[PDB]
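What follows is a single chain, given as structure tokens, in the form deposited without this ligand.
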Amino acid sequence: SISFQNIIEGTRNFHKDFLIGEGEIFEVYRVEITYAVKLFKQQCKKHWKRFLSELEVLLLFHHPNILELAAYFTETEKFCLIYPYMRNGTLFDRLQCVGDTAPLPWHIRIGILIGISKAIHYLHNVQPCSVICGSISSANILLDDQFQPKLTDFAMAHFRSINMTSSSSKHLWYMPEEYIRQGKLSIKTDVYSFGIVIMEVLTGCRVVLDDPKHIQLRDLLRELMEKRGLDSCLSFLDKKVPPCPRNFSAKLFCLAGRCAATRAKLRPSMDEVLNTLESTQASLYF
């Protein structure tokens, strides 16, 4: 519980110095009472629909693996959303090791890979009408001081039971083919985007590889186990951390490939993604 005047001077009148980042339709600030506030960036036709979907899901749906909405402010012709600040920051920031931080151990990886997996199952089976997260990525997964994950960016979340202009630019590299070439946003578009972030925690590489040709990490691993070999995928395992059992590594490449499939019918559901993902956690420690 806070007031607007606490934020007005707290964010130093939205000072450019007190900014954590500017995303698609927001520009996140840092506030202390510490919090992170998302200020509505003002074509309201589509930007406003997103701000709604964000506040819709957070108020109506709660889960320990979802960044909990603290409060909302609609005052002084300004809309904004306040959030509890995450100490570990973005997943993408920690497994890429920005700021020369410590790499993520394998047990935390499979830990926050299950945590996010548990939430996306919760959302796919909400009672009124199932909701599709849509914009899931290693950039929208935050980690607290205990390194436990939190979802973000429910702006392109849709309820289910179809327009490419409505897309999120940064989330392009996670979208399936039926979403791009056919516009069909399915229930299985989250398991697709989740199979890619499994690849990102197995191989500490970026979403799109920095090679001169600028090829996708999905397509690279898509061709290794398709032609060369399943163990050839293991050549790209993140070397910044000590090794892990070959059965733990194999089961995750086996799963990520089935999740990040072009054809939608052959793509699994989050429950069995979570079943195979918790059993893999035992293969690590044994």
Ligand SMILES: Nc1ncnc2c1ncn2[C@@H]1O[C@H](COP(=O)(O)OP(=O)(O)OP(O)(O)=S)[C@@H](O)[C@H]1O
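For every residue, the number given is its place in the sequence shown, counted from 1. Here, rigid core means the biggest group of C-alpha atoms that superpose within 1.5 Å across both forms.
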**Q.** Where residue 42 meets residue 43 in the shown sequence, the number of deposited residues left unmodelled
**A.** 4 to 9
Q: Between residue 161 and residue 162, count the deposited residues left without coordinates and pick a bin: none, 1 to 3, 4 to 9, 10 or more.
A: 4 to 9
Q: Could you check which stretch, 209-217 or 130-138, carries the larger mean CA temperature factor in the entry?
A: 209-217
Q: On mean C-alpha B-factor from the PDB entry, just flag whether 54-62 or 222-230 is the higher one.
A: 222-230
Q) What's the residue among 74, 125, 193, 168 with the greatest CA temperature factor in the PDB record? A) 74
Q: Would you mind checking where the Cα B-factor of residue 86 ranks among the modelled residues of its chain, as the lowest, middle or highest third?
A: highest
Q. In terms of the CA temperature factor given in the entry, to which third of its chain does residue 153 belong: lowest, middle or highest?
A. lowest
Q: Ordered by C-alpha B-factor within the chain, which third holds residue 281? Give me lowest, middle or highest, please.
A: lowest
(Q) By the recorded C-alpha temperature factor, relative to the other modelled residues in its chain, which third is residue 117 in? (A) lowest
Q: Going by the recorded CA B-factors, say which third of the chain residue 68 sits in, lowest, middle or highest.
A: lowest
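Although it is not shown, the form deposited with this ligand bound is what the next lines describe.
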**Q.** Contact of residue 90 with this ligand in the entry with it bound (heavy atom, 4.5 Å)
**A.** yes
Q: Report whether the minimum heavy atom distance between residue 20 and this ligand in the entry with it bound is within 4.5 Å.
A: yes
Q. Are any of the heavy atoms in residue 153 no more than 4.5 Å from a heavy atom of this ligand in the entry with it bound?
A. yes
Q.
Residue-level contact is defined here as any heavy atom of the residue lying within 4.5 Å of this ligand in the entry with it bound; does residue 106 satisfy this criterion?
A. no
(Q) On the criterion of a non-hydrogen atom at 4.5 angstroms or closer, are 25, 86 and 142 all touching this ligand in the entry with it bound? (A) yes
Q | Interface segment, criterion being heavy atoms within 4.5 Å of this ligand in the entry with it bound, picked from 172-180, 96-104, 78-86, 117-125 | A | 78-86
Q. Of these, 255, 31, 67, 217, which has a heavy atom no more than 4.5 Å from this ligand in the entry with it bound?
A. 67
Q) Using a 4.5 Å cut on heavy atoms, which of 234, 58, 225, 36 is close to this ligand in the entry with it bound? A) 36
Q. Residue 16: CA shift of at least 2 Å between the shown form and the other one after core fit?
A. yes
